[PDB]
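Colleague: Quick one, fold the following:
(5 chains, ligands or ions: 1)
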Amino acid sequence: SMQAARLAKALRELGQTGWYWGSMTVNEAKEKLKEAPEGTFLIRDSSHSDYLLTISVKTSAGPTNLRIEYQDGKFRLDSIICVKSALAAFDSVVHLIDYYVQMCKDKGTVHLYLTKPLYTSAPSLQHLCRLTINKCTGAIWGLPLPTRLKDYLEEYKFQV
Amino acid sequence: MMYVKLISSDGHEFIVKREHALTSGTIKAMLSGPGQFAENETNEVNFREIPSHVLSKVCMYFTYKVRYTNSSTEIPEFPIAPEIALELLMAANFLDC
Amino acid sequence: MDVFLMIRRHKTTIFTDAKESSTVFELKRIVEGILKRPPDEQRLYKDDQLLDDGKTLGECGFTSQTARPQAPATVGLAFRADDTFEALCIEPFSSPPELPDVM
Amino acid sequence: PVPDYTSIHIX
Amino acid sequence: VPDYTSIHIX
Ligand SMILES: [Co+2]
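Modeller: Numbers count the residues shown, from 1 in each chain, chains lettered A, B, ... in the order given. Below is the structure in question.
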């Protein structure tokens, strides 16, 4: 593949989540996340010129916003100090979120915590089933499903 | 026609709002499609391969989808038991919803 | 303020909603509009408990917490056959298979 | 309260 | 899968 195709794929994935909110200001994100559980998150467009996307997340100390860098074909969280080998970066922005949700299943300066999305709209029943299946198993090619639906499951492997 | 009847493979009859059933692209094409003007039109859809435990969950999805579309209300999880997810996926795909 | 319901009798299930503050009698009028039997030919139940016409749905236990769109509460329905009411009977839905191995 | 915009620091 | 690491957000 080439980069334009991998990025197209990542954005199509993002459009499947049900928790990509499009144009949404800082204040609107704050109002939506005010009373939400810690770790509730959504992705929206960044109003900054150098970034496509921003994560809004309910923290310990209230809602905040972390821009998502896209560099050398991969998404990574904005960081104030980094070591390249230490910062998780993925072709897929949903993969990046899913990685940190999986990491955070195990539990002064605020700590990042990501748990559950804040849906802007209800995903399709097909996609919701796919999420549930992904939470049940990583091995879908042995399931009693026609291969057309195994292909469907393969298009979106994440648990969020 | 406020309500339409959806009949499962094992003969359970689910009476649900028409607007809700239109959540299914397949049902919508069946109801809001062509036909003959002068003829009687049955207000019931039979599914030969969707059983009632699946179709009932599908109807819950219809209610959920309509309630949480174009709403300011925070959207809660739609619970799907692992034991039903494969059949429910197959039915959702057939129904385009 | 809305409660989301499955009104069930034999092999019939009606998906509908009503206000928590609306009454059992008004729910019978809803049923009347769908199944074409008058309220005095209907008994409604929560589980095995007969619901009195004058009670609100919330007073019967159907609340916005317990009767959600994605998990509606079940209301049983019995019809009057001539002079006497049928026993409440709700046909169960089918059963999924056993979970596959890798479940 | 947390600032509106933040960035990460793996400790 | 990923080993948990504390992440400060400043
Ligand atoms: Co710390």
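Colleague: now the strands for the chain?
Modeller: Using chain A. A:41-45, A:53-59, A:62-71, A:74-77 (DSSP state E).
Colleague: think we crossed wires, I meant chain D
Modeller: D:8-10.
Colleague: could you measure the residue positioned nearest the centre of it against residue A:100, distance?
Modeller: What sits nearest the mean C-alpha location of chain D, by Cα atoms, centre = their mean, is residue D:6, with 3.3 Å. Going from residue D:6 to residue A:100 by Cβ to Cβ, to the nearest Å gives 14 Å. In short, each C-beta sits where N, CA and C put it, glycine included.
Colleague: now do residue B:2
Modeller: From residue B:2 to residue A:100 the distance is 46 Å (Cβ to Cβ).
Colleague: Next: residue C:42.
Modeller: 53 Å.
Colleague: Can you measure across stretch A:71-78, start residue to end residue?
Modeller: 11 Å (Cα to Cα, to the nearest Å).
Colleague: Mind listing what's buried along it?
Modeller: Across stretch A:71-78, burial judged by 16 or more other Cβ atoms under 10 Å in any protein chain shown covers A:74-78.
Colleague: Count residues in the vicinity of residue A:82, would you?
Modeller: Neighbourhood size, residue A:82 [other Cβ atoms under 10 Å in any protein chain shown]: 15.
Colleague: check contacts around it.
Modeller: Neighbouring residues of residue A:82 by Cβ atoms under 8 Å, 6 or more residues apart in numbering or on different chains: residue D:10.
Colleague: Residue A:54 and residue C:29, how far apart?
Modeller: Look at residue A:54 and residue C:29: by Cβ to Cβ, they are 51 Å apart.
Colleague: of these two, who's got more company?
Modeller: Each of residue A:54 and residue C:29 has its neighbours counted (other Cβ under 10 Å); residue A:54 has more, 23 against 13.
Colleague: which residues does the closest residue in space to the more buried one that isn't next to it in sequence contact?
Modeller: Counting by Cβ to Cβ, 6 or more residues apart in numbering or on different chains, residue A:46 is the residue found nearest to residue A:54 once chain neighbours are left out, at 4.2 Å. Contacts for residue A:46 (Cβ under 8 Å, 6+ apart) come out as A:52-54, A:67-68.
Colleague: Highest neighbour count among the residues you listed?
Modeller: Result: residue A:54 is most packed of the contacts of residue A:46 (other Cβ under 10 Å), 23 neighbours.
Colleague: so how far is residue A:19 from that residue?
Modeller: From residue A:54 over to residue A:19 (counting by Cβ to Cβ), the distance is 13 Å.
Colleague: which residues do those two both contact?
Modeller: Common contacts of residue A:54 and residue A:19 (Cβ under 8 Å, 6+ apart): residue A:43.
Colleague: show me the contacts for residue A:136.
Modeller: Residue A:136 makes contacts with B:82, B:85, C:103, as judged by Cβ under 8 Å, 6+ apart.
Colleague: With adjacent residues omitted, what lies nearest to residue B:80?
Modeller: Nearest to residue B:80 is residue A:132, by Cβ to Cβ, 6+ apart, at 4.4 Å.
Colleague: Does the one you found touch residue B:78 like I think?
Modeller: No: with contact defined as Cβ atoms under 8 Å, residue A:132 does not reach residue B:78; the gap is 9.4 Å.
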